[PDB]
Every structure is written in structure tokens, then in C-alpha cells.
There are 2 protein chains.
Amino acid sequence: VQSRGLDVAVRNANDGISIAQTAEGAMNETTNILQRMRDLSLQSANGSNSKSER
Amino acid sequence: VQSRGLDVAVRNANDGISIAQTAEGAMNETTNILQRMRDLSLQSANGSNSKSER
């Protein structure tokens, strides 16, 4: 019983890794988008840009 | 009388071991079925599973 249990337990833990790894991957794109948004924001602050550019 | 009786007694005990042996064999499948139920249950507990899976 203990062994057969550890086997299903291993699979269950593997699913744990899958859910988390899927999320980390998505949050990678999230981080990238935010960084780009930051760049555009600093570009906007420059007094040179006119209202149309902002 | 004693000898003839002991023969009948031996037959009785053999048939007694028969009833017991049959029973033990059946309860063996019981243990196997219960063990699989445990595996399925621990598999359900894993948070990854969704209502459909459970």
C-alpha cells in the first residue's frame, strides 16, 4: 500500500510542478510586457515629446 | 469405532480448511480492489484534479 501510494504521490507532485511551471512561463511574458511599458513611459516623460507623441 | 471415526474427522477438517481457503482467496481480491480505491483517492486529492476528474 505504501509503495503503490508513493507512486500516485510522485505523479501528484509532478502535476504540482506542471501547474507552477505553466504559471511561471506566463508570468515571464507578464514581466517582459511591464518592462516595455516602463520604457514607453520614460520616453513619454521627456519634455521633447509633444502631446501628440504622448 | 475410533479409527473409522478419525477417518470421518479427517474428512471434516479437510472440508473445514476448504471453506476457509475459499474465503481467504475471495478476501484477497477484496484487498486488491480496496488498494486500487486508495490509489484513485490519493490521485483525486491532488489539487490539480478538476471537478470532472474527481
# chains A, B, ... in the order shown; residues from 1 in each chain; ligands from 1
$ interface_residues --of "chain A" --to "chain B" --cutoff "9 Å" --atoms "only C-alpha atoms" --output "ChimeraX atom specification"
/A:1,4-5,7-9,11-13,15-16,19
$ atom_distance --atom1 "atom CA of residue A:27" --atom2 "atom CA of residue B:53"
26.6 Å
$ atom_distance --atom1 "atom CA of residue B:37" --atom2 "atom CA of residue B:54"
12.6 Å
$ select_by_dssp --residues "chain A" --states "helix (DSSP H, G or I)" --output "MDAnalysis selection string"
chainID A and resid 2:45
